[PDB]
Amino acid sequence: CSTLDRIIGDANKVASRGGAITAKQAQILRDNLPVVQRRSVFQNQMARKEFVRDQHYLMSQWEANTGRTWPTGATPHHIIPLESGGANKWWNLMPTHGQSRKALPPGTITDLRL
């Protein structure tokens, strides 16, 4: 299993009913976001603001692209976290019910398909 496969597997265990990551969504994730770039604190704060600003558009696109209604009262979860370099894109959202090492320095690039 790749890093991406394990993140997708873990995320699906906590997916809202009728909200699972689909085959299509998983392939788009693999294609659009195979390598991620660690964000600074400031870049993470701006990425969160961008999400608050775009999340209604991004939930409509989730509905239109997977052919499903957004599960009732579910919060949108980033599959690849923003802080890790996740995207504010419908294919990086999944609806949800609600150790030792220092974090990598900002600018670190990680290939998820290994």
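The first residue of the shown sequence is 1; numbering continues from there.
Visitor: Classify the number of deposited-sequence residues missing from the model between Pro105 and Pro106: none, 1 to 3, 4 to 9, or 10 or more.
Guide: According to the record, the chain runs unbroken from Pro105 to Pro106.
Visitor: Report the stretch with the higher mean CA temperature factor, choosing between 86 to 94 and 7 to 15 on the basis of the entry.
Guide: Between 86 to 94 and 7 to 15, it is 7 to 15.
Visitor: Tell me which stretch, 62 to 70 or 28 to 36, has the higher mean Cα B-factor listed in the entry.
Guide: The stretch with the larger average C-alpha B-factor is 28 to 36.
Visitor: Classify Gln45 as lowest, middle or highest third according to the C-alpha B-factor given in the PDB entry, relative to its own chain.
Guide: As the PDB entry reports it, the C-alpha B-factor of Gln45 lands in the middle third of its chain.
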